[PDB]
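Participant:
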Amino acid sequence: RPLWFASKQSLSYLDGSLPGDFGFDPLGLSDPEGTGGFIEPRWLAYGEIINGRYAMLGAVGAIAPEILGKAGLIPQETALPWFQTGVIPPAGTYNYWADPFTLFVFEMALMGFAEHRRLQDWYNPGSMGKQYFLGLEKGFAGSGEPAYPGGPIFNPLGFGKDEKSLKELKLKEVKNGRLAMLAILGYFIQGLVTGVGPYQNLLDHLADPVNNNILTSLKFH
Amino acid sequence: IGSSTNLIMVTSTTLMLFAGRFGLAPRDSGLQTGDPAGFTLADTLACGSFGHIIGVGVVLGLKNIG
Amino acid sequence: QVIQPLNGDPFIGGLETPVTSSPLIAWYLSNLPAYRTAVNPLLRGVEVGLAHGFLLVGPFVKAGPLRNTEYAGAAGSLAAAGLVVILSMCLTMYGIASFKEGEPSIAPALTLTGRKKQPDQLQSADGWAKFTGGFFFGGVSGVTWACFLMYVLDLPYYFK
Amino acid sequence: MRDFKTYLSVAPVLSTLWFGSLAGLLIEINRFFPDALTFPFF
Amino acid sequence: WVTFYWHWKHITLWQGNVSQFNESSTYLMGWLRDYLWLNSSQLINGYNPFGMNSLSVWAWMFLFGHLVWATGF
Amino acid sequence: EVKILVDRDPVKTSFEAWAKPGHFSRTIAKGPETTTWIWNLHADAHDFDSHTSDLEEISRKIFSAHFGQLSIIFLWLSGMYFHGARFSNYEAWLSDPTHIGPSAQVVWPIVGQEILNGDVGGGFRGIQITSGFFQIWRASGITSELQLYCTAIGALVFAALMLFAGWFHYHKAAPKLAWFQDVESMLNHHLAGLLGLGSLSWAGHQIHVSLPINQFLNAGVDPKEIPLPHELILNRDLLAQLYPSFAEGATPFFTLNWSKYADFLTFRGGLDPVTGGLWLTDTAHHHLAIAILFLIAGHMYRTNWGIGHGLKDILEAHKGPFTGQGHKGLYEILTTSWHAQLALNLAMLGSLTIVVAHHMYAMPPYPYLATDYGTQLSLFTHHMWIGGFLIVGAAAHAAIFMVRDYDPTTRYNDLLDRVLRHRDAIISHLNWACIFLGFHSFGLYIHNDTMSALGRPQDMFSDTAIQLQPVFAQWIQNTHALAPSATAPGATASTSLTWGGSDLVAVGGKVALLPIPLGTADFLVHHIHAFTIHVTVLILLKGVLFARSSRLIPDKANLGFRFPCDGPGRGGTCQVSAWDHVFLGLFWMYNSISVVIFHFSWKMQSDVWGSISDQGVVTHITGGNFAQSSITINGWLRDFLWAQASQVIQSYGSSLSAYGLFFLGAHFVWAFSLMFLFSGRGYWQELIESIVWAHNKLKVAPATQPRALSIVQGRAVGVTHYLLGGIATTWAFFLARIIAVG
Ligand code: CLA
Ligand code: CLA
Ligand code: CLA
Ligand code: CLA
Ligand code: CLA
Ligand SMILES: CC1=C(/C=C/C(C)=C/C=C/C(C)=C/C=C/C=C(C)/C=C/C=C(C)/C=C/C2=C(C)CCCC2(C)C)C(C)(C)CCC1
Ligand code: SF4
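Protein chains in written order, with the deposited numbering: chain y, 54 to 274; chain k, 49 to 74, 89 to 128; chain l, 57 to 216; chain j, 1 to 42; chain b, 589 to 661; chain a, 9 to 750.
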């Protein structure tokens with residue numbers, strides 16, 4: 054098994070069972086001794102998976118409108134950098150069909166449902182197949198593993214029926230997730246330093262490599 | 049760049065890393095790496111940070127002196 | 057190990073320190089008149105009185121109520137002599153309070169090494185009486201000598 | 001709930017509630033009937 | 589208390605200023621200010637950096653009494 | 009090995025322990041048999057070392073109590089920010105700081121108390137505050153009440169977070185003992201992450217927000233027309249107009265061309281002539297350098313990676329011939345005793361508070377702080393009192409360590425043993441030093457009083473008489489006055505205006521700071537200070553050293569840390585405990601701090617504070633009478649107490665009448681303390697017997713049998729009321745005097 058910056062303490066609990074395990078834990082945050090709160094190794098892996106999935110959504114969602122505007126696919130007024138779409142009102146605001154606080158309330162309610170349900174699956178496995186919820190609860194029974202519930206709603210195409218295929222797909226998911234959250238951190242830092250958007254940063258790097266670097270950007274903007 | 053500051057900082061960092069690697073300069091351990099002397103990432107960061115501190119001080123002193 | 061127990065004894069209320077048992081400090085203390093056991097207490101009293109009466113004149117002359125007048129040299133010096141007349145008096149009372157006529161000296165008869173030593177005659181009625189008389193004589197002599205040096209012979213001085 | 005009501009029945013909490021109610025009553029009386037030196041109702 | 593009352597009433601009567609006692613003895617700040625603070629000016633000014641007068645002995649005994657009152661504490 | 013060791017759900021959250029008083033210990037949970045139990049219930053409430061013998065539960069209770077204290081502090085800060093947002097004249101004070109008195113509290117119109125709403129200025133009626141929050145907010149760049157409201161809401165949220173964390177880290181996820189004993193990681197995080205990162209973030213705030221807003225304010229721009237602090241972040245050119253180096257970005261930092269940042273990072277020194285405070289660029293550079301020093305000072309101690317230092321090895325490496333084994337064994341003492349850590353931290357924090365008060369009076373760091381005489385006096389006096397209390401508590405808990413946590417069978421230290429072996433020499437030498445200092449410091453005052461009373465002013469210890477000049481302090485002042493010339497050529501001006509020179513800063517016709525002269529009076533007062541400090545040290549150190557045993561009571565440690573006596577035997581063994589030594593040292597700390605604050609008040613009123621005429625002359629508040637009057641006790645009684653009490657005894661009928669009422673009430677409480685201090689329990693118990701008979705005659709006697717207060721509790725009540733009265737007296741007197749005339 055390949056190991057990247059593995060430690061003697063880290064190898065005492067990282068035995069390769071979890072997907073994407075390379076022994077990397079210099080700080081020992083997943084140590085199973087004195088474990089409580091949110092520092093549980095299962096909770097840490099679950100949070101890594103959820104953060105990776107959300108960042109795989111976000112790293113494409115924060116760069117797709119800019120690419121579509123450059124390609125002239127759908128109108129350029131909706132083609133803005135990710136900080137110019139009302140996320141940061143000083144950076145830019147777009148006039149949607151609703152006030153940003155009203156949209157925040159709508160999002161908060163919908164995700165409160167869709168995420169407190171997930172939290173109660175984590176607390177009590179299989180508890181969302183019991184109570185009546187619009188008749189959809191039959192698809193919310195889960196599989197005993199909170200990060201990978203499966204079922205006809207979350208796994209409709211039936212991908213990875215085989216165990217080796219499931220393990221390979223889990224490894225692919227965690228690796229692409231880690232890359233995506235690295236990309237999201239890069240988006241944030243490039244917005245803080247340059248402030249022109251990540252796709253514009255890529256275009257400036259492609260047009261000239263020497264004049265547009267991390268080194269020739271410390272002047273900020 | 050290649051200026052005096054670049055040369056001083058590169059020399060200080062390289063000298064501190066060499067002193068921490070080969071020289072005597074460096089119950090709670092566990093980090094492992096591939097180099098044979100056990101010069102882990104923590105030792106690399108420590109030597110680089112100390113060399114950076116020394117080089118920054120030397121540069122800012124020589125700038126005032128001339 | 058610099059701080060030792062007092063003469064190798066850890067159960068005596070004291071300690072041996074470089075301020076206590078240095079050879080130079082022990083020599084200096086042993087050569088003081090108060091610790092000269094084999095000498096007549098009259099001579100040691102004379103020396104002690106001379107030193108103390110000599111050193112007492114300065115504060116009285118320089119800080120007295122008449123320090124800025126012509127009578128600074130005499131009256132303050134007289135005050136110093138008066139203090140000696142007080143001090144010896146106190147000593148005399150001590151000599152009557154502590155020591156009796158019929159008792160011998162109460163001074164220790166041993167040394168640090170534990171060898172037999174003749175006790176000091178100072179801790180006795182006759183010895184302390186002789187010491188007090190010598191102290192009075194030395195005190196008045198020292199006050200007179202200080203007055204003679206500063207104001208009668210007119211030796212040059214900084215006078216503080 | 002019984003334990004919380006027992007805690008509310010302990011000496012400092014009950015004294016605080018009673019004296020706060022009394023102080024509020026006296027303050028409101030002094031607002032509505034201020035500067036009272038005599039009893040003039042009779 | 590008895591001698592404070594006597595001295596203040598008589599020292600306001602002798603000055604022909606009994607209104608000061610009649611208006612200031614009903615509250616303790618009047619006792620502190622118009623009796624203790626007001627009547628002690630010449631007492632504490634018995635000796636100053638500018639000289640001294642015949643009340644210097646009373647100032648010295650005043651401070652002596654304060655000191656020996658505080659020493660028993 | 010340094011991991012997060014936490015056990016889940018150790019204590020059940022329930023109100024069952026709320027319903028039972030005194031649940032923490034056994035002798036108290038049995039129920040009250042007498043009234044004394046009630047007092048005991050408020051005496052052992054926070055003594056976690058007596059409730060249980062396990063260090064883990066004690067440490068968890070300590071951690072959650074610290075969280076609750078932080079929540080209370082955040083609640084108090086939210087209250088101050090709210091009362092500065094509403095019920096305040098901060099916006100009015102911003103326009104005219106030199107003529108409008110700060111105010112953040114208004115009283116309600118009931119029972120005639122609305123007279124306390126004084127005309128502070130700015131179209132506002134309310135209580136004038138002296139906490140100096142307005143100066144902090146101006147130094148922070150706050151120019152609106154909405155910002156104060158937002159800060160209050162954030163502090164309320166932070167208080168709720170602290171309370172939730174305190175509940176969570178005891179009832180849900182409690183740290184283990186080894187988590188608390190990881191002192192190396194704690195020191196690293198508190199030096200690099202708490203102090204270093206906090207200083208770096210505050211330097212960033214000062215550079216990006218406080219500097220441009222304060223530049224606009226000092227330029228005469230109206231506060232409502234000043235650009236918002238976020239506008240100077242989004243627009244770098246707006247900040248670049250004031251400081252052109254911002255046009256270069258962070259490249260001068262990364263290329264080590266730090267001298268390009270010499271427009272907002274200056275080593276100027278002195279005070280700002282416009283505001284009378286320290287330059288904010290100086291504070292920004294100071295906090296930046298402090299952050300760098302703390303961040304490189306936080307990577308010292310060893311952790312999971314082999315680099316770093318071991319505290320145990322560092323301590324064990326220092327041992328000399330005089331001290332024998334040296335500092336070996338101190339690590340195990342300090343890592344297994346909370347009382348030793350409390351003693352050390354209390355002493356250090358009290359000394360830090362004292363030096364904070366001195367350095368704030370000497371260098372006002374906020375705009376329009378020096379010219380606010382009430383704020384300066386209140387801050388100095390308050391932090392003096394806080395420092396004295398913490399220093400007393402240091403010895404108070406060192407005694408608890410010696411009684412309870414000290415044992416030589418295990419956790420034996422050679423240094424502590426050698427200290428305890430020669431304790432008689434230490435106490436006797438300090439006794440002689442106290443006697444010598446008392447004589448040659450207070451007998452000089454007595455001598456001056458007698459010479460002045462006898463009509464012999466030429467025989468006193470005055471400037472126009474026998475002179476005791478502080479040559480060393482004057483030489484230090486002269487050296488620090490010429491520091492920019494030779495020793496510190498990079499500083500434009502001196503570190504303060506209180507050394508010397510022709511410099512003088514005056515804002516709005518009031519003197520901010522002056523070169524403070526030092527003479528015979530300062531000499532006498534400073535040696536009085538040394539005498540009082542040495543006596544307090546003597547009392548506290550004697551209690552700490554003899555808390556275990558002495559020649560009188562060889563088994564005093566078995567009697568406990570806090571016991572009344574050992575009977576009338578051996579001639580009387582009253583107040584032999586170390587608690588009584590703390591109780592005695594409280595009075596002496598009170599005396600020392602009272603003399604210190606009296607010295608500060610009179611010296612700054614006579615030689616520093618005052619008014620500047622248009623011609624150029626300076627007239628002080630008391631006319632510079634400290635040099636000739638403060639050398640005698642009669643001068644302190646007349647020209648300081650009697651003369652300056654006229655502003656607090658004549659405050660009736662005005663807005664300062666609350667200070668007169670507090671003056672009288674504090675005198676009353678101070679007198680009331682003498683009843684507990686001078687009496688004894690037996691007489692009060694015998695009187696309570698007759699009162700109990702009177703109640704029993706009418707069938708109204710209680711089941712809880714009334715008992716007189718215990719001996720230790722009587723002493724505690726006496727000293728508490730004594731300190732409260734004697735401190736509130738000075739509080740009211742200082743506040744009324746410095747608000748009416750300053
Ligand atoms: C979202 C957070 C996150 C979390 C919870 C995990 C969780 C896990 N990782 Mg994964 N990982 C991540 C991100 C994360 N990872 C990223 C970005 C990478 C690529 C660099 C990897 C690559 C990786 C490897 C190679 C390995 C793991 C492994 C582990 C396991 C042990 C280590 C640990 O306890 O992590 C707990 C971590 C945290 C709580 C995250 C926060 C830590 C601080 C707060 C980060 C601050 C950094 C941020 C950039 C600065 C803020 C700036 C911002 C404001 C702009 C655990 C299952 C081991 C394994 O066995 O896999 C199963 C292993 O060998 N991870
Ligand atoms: C770098 C991070 C860090 C920080 C900032 C702190 C800071 C603090 N710790 Mg220390 N501590 C740390 C690491 C850290 N600690 C570690 C690793 C250990 C274990 C070895 C300890 C062990 C420890 C103990 C045992 C105690 C403290 C206490 C405290 C507080 C005392 C200082 C004070 O109140 O000033 C005022 C400071 C602030 C209000 C500024 C803002 C700091 C924010 C509010 C704190 C968030 C920091 C936290 C460590 C990270 C969040 C965790 C996450 C799960 C939410 C302070 C909040 C004492 C206390 O007061 O506890 C309640 C205490 O009893 N610490
Ligand atoms: C004589 C030299 C000496 C001196 C002058 C000091 C002085 C100081 N130390 Mg101590 N210390 C010493 C020796 C010394 N120490 C040794 C040898 C050790 C190793 C055992 C320690 C361990 C130590 C730690 C681990 C910490 C200090 C801290 C501090 C400062 C306390 C801050 C405060 O006032 O509260 C103001 C508020 C806070 C910031 C402190 C919060 C409360 C702390 C976290 C609790 C102390 C807990 C401690 C680990 C006890 C655990 C008992 C365990 C064995 C069960 C104080 C200035 C603290 C510091 O670094 O502050 C920056 C701190 O975190 N000290
Ligand atoms: C910095 C924080 C600090 C901490 C955490 C502790 C911790 C503790 N102290 Mg130490 N102590 C400190 C500072 C501190 N002390 C200081 C500064 C002093 C000097 C005064 C002392 C002096 C001291 C003594 C003398 C004793 C302790 C003891 C104790 C323990 C129990 C406390 C108790 O039960 O009281 C619970 C709470 C109370 C009794 C509250 C009393 C009310 C106070 C005195 C009034 C304050 C007046 C207020 C401002 C006026 C408002 C008016 C009113 C109407 C509201 C506990 C270990 C005790 C001990 O360990 O016993 C064996 C003990 O004997 N401490
Ligand atoms: C206000 C008056 C007062 C006075 C004068 C004293 C005096 C003294 N206290 Mg006490 N004390 C007091 C109130 C007072 N206390 C109170 C209220 C408390 C309650 C907390 C205490 C509790 C207390 C403690 C707990 C301690 C003392 C100690 C001391 C002694 C140290 C000072 C010293 O020796 O300097 C020299 C003497 C003095 C300044 C006294 C005045 C003498 C003047 C200068 C000269 C008199 C002239 C000369 C003798 C001529 C005599 C004339 C002839 C006819 C006889 C000293 C005897 C400390 C001590 O024992 O240390 C040695 C000590 O630890 N005191
Ligand atoms: C691979 C390998 C190798 C090589 C290696 C190398 C060469 C490396 C390098 C490395 C490096 C290259 C490192 C570095 C590091 C660094 C660091 C870590 C730094 C830090 C910094 C700091 C810490 C800073 C600080 C500061 C600031 C921030 C400001 C203020 C001042 C000061 C200075 C303090 C060899 C061939 C041998 C062999 C094989 C293996
Ligand atoms: S008077 Fe009180 S404190 Fe003194 S010995 Fe008797 S019982 Fe103990």
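The beta carbon of each residue, even a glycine, is placed where N, CA and C say it ideally should be.
At a Cβ threshold of 8 Å, is a/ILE118 touching chain j?
Facilitator: It does: the Cβ of a/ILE118 has a partner Cβ on chain j nearer than 8 Å.
Participant: So for y/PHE77, helix, strand or coil by DSSP?
Facilitator: Looking at y/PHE77 - three-state DSSP - the assignment turns out to be strand.
Participant: Return the CA-CA distance between a/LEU695 and a/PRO714, expressed in angstroms with no decimal places.
Facilitator: About 11 Å.
Participant: Near y/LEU224, which residues of its chain fall below 6 Å by C-beta distance, leaving aside the five closest residues on each side in sequence?
Facilitator: Result list for y/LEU224: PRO72 and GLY73, in chain order.
Participant: What ranges does the alpha helix (DSSP H) occupy inside the stretch 634-675 of chain a, keeping only unbroken runs of at least 4 residues that lie completely in it?
Facilitator: 634-637 and 654-657, all fully within the stretch 634-675 of chain a.
Participant: Classify a/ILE221 as buried or exposed, calling it buried when 16 or more other Cβ atoms lie within 10 Å of its own Cβ.
Facilitator: a/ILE221 comes out buried.
Participant: With a threshold of 8 Å between beta-carbons, can l/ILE81 be considered close to chain a, or not?
Facilitator: No, l/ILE81 lies away from the interface with chain a (no Cβ there is under 8 Å from its Cβ).
Participant: Sort a/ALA461, a/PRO372, a/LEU246 and a/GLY733 by Cα distance to a/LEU669 and report the nearest one.
Facilitator: With distances taken between Cα atoms, a/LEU669 lies closest to a/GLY733.
Participant: Who are the near neighbours of a/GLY508 in its chain, counting only those whose CB is closer than 7 Å to its CB and skipping five residues on each side?
Facilitator: Hits under 7 Å: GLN485, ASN486, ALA489 and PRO523.
Participant: Using the rule of at least 16 other Cβ atoms within 10 Å of the residue's Cβ for burial, across every protein chain shown, is residue 769 of chain a buried or exposed?
Facilitator: What is shown of chain a runs 9 to 750, which leaves residue 769 of chain a out entirely.
Participant: Which parts of the stretch 247-335 of chain a are runs of the alpha helix (DSSP H), unbroken and 4 residues or longer, counting only runs that do not cross its ends?
Facilitator: Runs found: 259-262, 288-305 and 319-324.
Participant: With the cut-off set at 8 Å, would you say a/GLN693 and a/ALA716 are in Cβ contact?
Facilitator: In contact: a/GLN693 and a/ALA716 (Cβ atoms closer than 8 Å).
Participant: What are the boundary residues of the alpha helix (DSSP H) that a/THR417 is part of?
Facilitator: Element bounds for a/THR417: n/a, residue is neither H nor E.
Participant: Taking Cβ to Cβ, would you say a/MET392 is nearer than 8 Å to a/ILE601?
Facilitator: It is a contact, given that the beta carbons lie within the stated cut-off.
Participant: Can you determine whether any heavy atom of ligand 5 sits closer than 7 Å to the C-beta of a/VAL543, and answer yes or no?
Facilitator: Answer for a/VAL543: yes, Cβ within range of ligand 5.
Participant: Please tell me whether residue 75 of chain k has its Cβ less than 8 Å away from any Cβ of chain a.
Facilitator: Coordinates for residue 75 of chain k are absent, as chain k skips straight from 74 to 89.
Participant: Find out if the Cβ-Cβ distance for the pair a/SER207, a/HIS91 is shorter than 8 Å.
Facilitator: Their beta carbons are not under 8 Å apart, which means a/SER207 does not touch a/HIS91 by this criterion.
Participant: With a threshold of 8 Å, are at least 3 pairs of Cβ atoms found where one atom belongs to the stretch 373-392 of chain a and the other to the stretch 584-595 of chain a?
Facilitator: No: fewer than three Cβ pairs fall under 8 Å.
Participant: Do you know offhand how far a/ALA565's Cα is from a/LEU199's?
Facilitator: For a/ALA565 and a/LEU199, the distance between alpha carbons rounds to 37 Å.
Participant: Run the CB neighbour count on a/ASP230, radius 10 Å, all protein chains shown included, and call it buried at 16 or more, exposed below.
Facilitator: a/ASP230 comes out exposed.
Participant: Would you list the one or two residues that DSSP bridges to l/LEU62?
Facilitator: Bridge partners of l/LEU62: l/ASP65.
Participant: Listed in chain order, which residues are found with a beta carbon closer than 6 Å to a heavy atom of ligand 1?
Facilitator: Per the Cβ criterion, the list is y/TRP57, y/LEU67, y/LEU71, y/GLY73, y/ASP74, y/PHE75, y/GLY76, y/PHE77, y/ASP78, y/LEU82, y/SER83, y/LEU97, y/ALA98, y/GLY100, y/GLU101, y/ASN104, y/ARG231, y/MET234, y/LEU235, y/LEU238 and y/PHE241.
Participant: Contact between the stretch 89-107 of chain l and the stretch 171-189 of chain l is defined here as three or more beta-carbon pairs at a separation below 8 Å; is this criterion met?
Facilitator: Result yes; three or more Cβ-Cβ pairs closer than 8 Å.
Participant: For the alpha helix (DSSP H) containing a/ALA538, list its first residue and its last residue.
Facilitator: Run containing a/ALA538: 528-553, per the alpha helix (DSSP H) assignment.
Participant: Given a cut-off of 8 Å on the beta-carbon distance, is the pair a/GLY551 and a/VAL400 in contact?
Facilitator: No.
Participant: Look at a/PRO260 and a/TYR251 and say whether their C-beta atoms are less than 8 Å apart.
Facilitator: No; because the gap between Cβ atoms is not below 8 Å, this pair is not in contact.
Participant: Can a CB atom of chain a be found closer than 8 Å to the CB of k/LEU55?
Facilitator: Closer than 8 Å: no.
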